[PDB]
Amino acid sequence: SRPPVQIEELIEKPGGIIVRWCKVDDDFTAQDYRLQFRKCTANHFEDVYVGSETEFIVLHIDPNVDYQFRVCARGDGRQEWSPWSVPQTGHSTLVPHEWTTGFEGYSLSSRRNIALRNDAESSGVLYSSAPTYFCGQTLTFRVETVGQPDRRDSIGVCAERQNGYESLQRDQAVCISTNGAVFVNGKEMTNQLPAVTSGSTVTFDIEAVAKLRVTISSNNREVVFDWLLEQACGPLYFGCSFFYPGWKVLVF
């Protein structure tokens, strides 16, 4: 036969790709759709979605790597999958994660992705240079060097770049401290992760279900919890704070 569905839209975004398809033959009666992808460098397609929706959000894909997508459909009362759409190639976009420049208390590396708490006074949180955390991304930090821990230490993500506070342990923010404590809108939760040392990584994965599901992983343990935001979620900031010198954090 001939293909009853084609890919209509590909939305390339920093944290993934949205694929949308449309029926190009009104006379076909669709029950289910089947979406596959592969890296353009790879031989083999894999199913990512089988269901009756006409769009699917593809997450957790290597950024600025080309992927190829194809879709087909089942229906008309039969069980054979239709022929495939023409394939379409897409990639996630590139929005680099970088620290703010010129914030007193922190010195950055050349590519502005490594931040060191120096010997100067600091007024609070070192934020990302802009809100470049997009839900769907895995945001990874690595501790390069350590200093003395302090309860105001934090690494996290938040809705706004707010001045004044000493840490991200505050409303409309999620973060971990250097003792492994996890804070949601400024309230610590019971489950802890292992305290960070040099070489430790911390990852944040955030998915929407105003209410987000957050996974934080560090030192091969993870916590998963709900994060309630008081307004609609857009791109987020990330940030860190360290009271004492010597803490050095790389963001990927």
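Counting begins at 1, following the sequence as shown.
Student: What number of residues from the deposited sequence go unmodelled in the gap from residue 209 to residue 210, classed as none, 1 to 3, 4 to 9, or 10 or more?
Tutor: Per the record, 10 or more deposited residues are absent between residue 209 and residue 210.
Student: Select between 216 to 224 and 60 to 68 the stretch whose C-alpha atoms have the higher average B-factor in the entry.
Tutor: Comparing 216 to 224 with 60 to 68, the higher average CA B-factor belongs to 60 to 68.
Student: Would you tell me which stretch averages the higher CA B-factor in the PDB entry, 124 to 132 or 164 to 172?
Tutor: Of 164 to 172 and 124 to 132, the stretch with the higher C-alpha B-factor average is 164 to 172.
Student: Which of these has the highest Cα B-factor in the record: 36, 43, 203, 197?
Tutor: When the deposited C-alpha B-factors of 36, 43, 203, 197 are compared, 43 is largest.
Student: Out of 109, 179, 85, 140, which residue has the highest Cα temperature factor in the PDB record?
Tutor: It is 109.
Student: Would you mind ranking residue 154 by its C-alpha B-factor against the rest of the chain and naming the third, lowest, middle or highest?
Tutor: Within its chain, residue 154 is a lowest-third residue by C-alpha B-factor, going by the deposited values.
Student: Can you work out whether the C-alpha temperature factor of residue 3 puts it in the lowest, middle or highest third of the chain?
Tutor: Highest third - that is where residue 3 ends up once the chain's C-alpha B-factors are sorted.
Student: Relative to the other modelled residues in the chain, which third contains the C-alpha temperature factor of residue 234: lowest, middle or highest?
Tutor: Tercile = highest for this residue's CA B-factor.
Student: Which third, lowest, middle or highest, does the C-alpha temperature factor of residue 94 belong to within its own chain?
Tutor: It falls in the top third of the chain.
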